[PDB]
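The next block holds one structure in the form of structure tokens; read it before the comments.
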Amino acid sequence: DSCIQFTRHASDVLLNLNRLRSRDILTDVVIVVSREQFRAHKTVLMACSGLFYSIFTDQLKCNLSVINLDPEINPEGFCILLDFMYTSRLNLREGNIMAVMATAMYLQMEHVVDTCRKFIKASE
Amino acid sequence: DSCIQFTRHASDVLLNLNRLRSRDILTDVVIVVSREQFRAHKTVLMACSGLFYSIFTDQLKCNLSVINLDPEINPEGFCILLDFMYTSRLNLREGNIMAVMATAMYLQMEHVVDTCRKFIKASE
Amino acid sequence: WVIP
Amino acid sequence: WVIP
Ligand SMILES: N#Cc1c(Cl)ncnc1Nc1ccc2c(c1)CC(=O)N2
Ligand SMILES: N#Cc1c(Cl)ncnc1Nc1ccc2c(c1)CC(=O)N2
Ligand SMILES: [Cl-]
Ligand SMILES: [Cl-]
Ligand SMILES: [Cl-]
Ligand SMILES: [Cl-]
Numbered sequence: 006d007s008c009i010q011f012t013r014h015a016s017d018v019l020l021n022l023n024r025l026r027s028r029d030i031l032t033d034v035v036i037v038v039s040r041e042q043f044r045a046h047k048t049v050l051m052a053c054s055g056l057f058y059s060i061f062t063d064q065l066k067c068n069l070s071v072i073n074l075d076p077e078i079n080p081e082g083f084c085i086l087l088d089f090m091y092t093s094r095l096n097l098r099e100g101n102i103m104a105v106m107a108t109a110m111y112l113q114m115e116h117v118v119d120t121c122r123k124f125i126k127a128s129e
Numbered sequence: 006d007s008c009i010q011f012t013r014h015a016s017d018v019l020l021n022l023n024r025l026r027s028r029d030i031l032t033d034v035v036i037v038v039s040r041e042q043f044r045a046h047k048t049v050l051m052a053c054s055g056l057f058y059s060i061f062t063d064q065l066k067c068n069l070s071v072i073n074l075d076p077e078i079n080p081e082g083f084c085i086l087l088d089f090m091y092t093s094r095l096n097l098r099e100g101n102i103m104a105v106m107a108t109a110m111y112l113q114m115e116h117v118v119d120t121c122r123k124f125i126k127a128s129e
Numbered sequence: 001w002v003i004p
Numbered sequence: 001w002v003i004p
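Residue numbers (the deposited numbering), protein chains in the order written: chain A, 6 to 129; chain A', 6 to 129; chain D, 1 to 4; chain D', 1 to 4. A prime marks a further copy of an entry chain.
Quick look at the structure:
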């Protein structure tokens, strides 16, 4: 086609989706990770994670308002990845890298798993 | 903070949101523009348009599944802007610029209004 | 705005 | 990945 493109559009959309999340506006699911709960938008979760894409395209699970993650999942690891989904920013630290990598593998977030593997290999 | 950032993340999220729209997955509103209907995600509309942000933060309108636009709104102009919302790509042409600019003013999409004004000024 |  |  002969389209023009607005460079910052995708980033601006994501910033507004994060603003809606922070204000709990039109959030439609709560992700339960042991004792912790995280409100989010199903569409954002599906757009970022192979696991959520699978869950919310399922004819029964698409209608659930609560999703319980595997008890082995670390809430802080999930929180870091949820923030990454809504911002493109990953708070990767020596103290959380193992939990972040395990959570990203479970959520099927290949690019995160990749940088975790690379950061771990550099420290060995 | 000490975060790392994945450059293509925002663009990849938007590509997946457009894929969900094309497959009518978790779309939660129909925008009626005279004889035409457009299925979309409320969160994407709010993230792109001052008008939709206002509409879906309203305590009554947030729950509506159908939104009827002003009869003066051109369906093709709306279609072009809806595509832009989900892709960052604007199909701006001599034959549609007036309709696109009028629709962008109504939807409160300032950056689109700006490029339309600039393209019009260059042709006079 | 750019030519993509 | 980059340093933002
Ligand atoms: N929503 C949506 C969606 C669609 Cl529509 N098409 C294709 N993938 C989608 N999302 C999705 C699937 C697999 C993975 C990710 C996202 C990130 C990753 O590492 N794996
Ligand atoms: N969703 C959301 C949203 C939030 Cl949360 N905060 C601030 N603006 C939001 N969206 C929105 C408001 C005004 C305009 C646009 C988008 C594009 C434009 O030209 N005007
Ligand atoms: Cl439920
Ligand atoms: Cl990822
Ligand atoms: Cl309705
Ligand atoms: Cl805009």
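Beta carbons are placed, not taken as given, at the ideal position from N, Cα and C, and that holds for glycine.
Exercise. Using DSSP bridges, identify the partner residues of A:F124.
Key: Its beta-bridge partners do not exist; DSSP assigns none.
Exercise. Verify the CB distance criterion: does A:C8 have a CB-CB separation below 8 Å to chain A'?
Key: yes
Quiz prompt | Contacts of A':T62 in chain D' (Cβ-Cβ under 8 Å) | solution = Going along chain D', no residue has its Cβ under 8 Å from A':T62, so there is no contact; the nearest lies around 29 Å.
Quiz item: A':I30 to A:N101, Cα distance in whole Å?
Solution: 34 Å
Quiz item: By a C-beta neighbour count over all protein chains shown, 10 Å radius and 16 as the cutoff for buried, is A':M103 buried or exposed?
Solution: exposed
Quiz item: How about A':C8 and A:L25: are their beta carbons less than 8 Å apart?
Solution: no
Self-check item: Sub-8 Å separation of A':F43 and A':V49 beta-carbons
Solution: no
Exercise. State the start and end residues of the unbroken beta strand (DSSP E) segment that holds A:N73.
Key: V71 to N73
Quiz item: How is A:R44 classed by DSSP in three states: helix, strand or coil?
Solution: strand
Exercise. Return yes when the C-beta of A:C121 is under 7 Å from any heavy atom of ligand 1, and no when it is not.
Key: no
Quiz item: For the alpha helix (DSSP H) that A:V105 lies in, which residues bound it at each end?
Solution: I102 to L112
Quiz item: For A':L95, which three-state DSSP category applies?
Solution: strand
Quiz item: Quick one: what's got a C-beta closer than 7 Å to A:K47's C-beta in the same chain, skipping five residues either side?
Solution: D33, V34 and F61
Quiz item: For A':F83 versus A':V117, is the C-beta spacing smaller than 8 Å?
Solution: no
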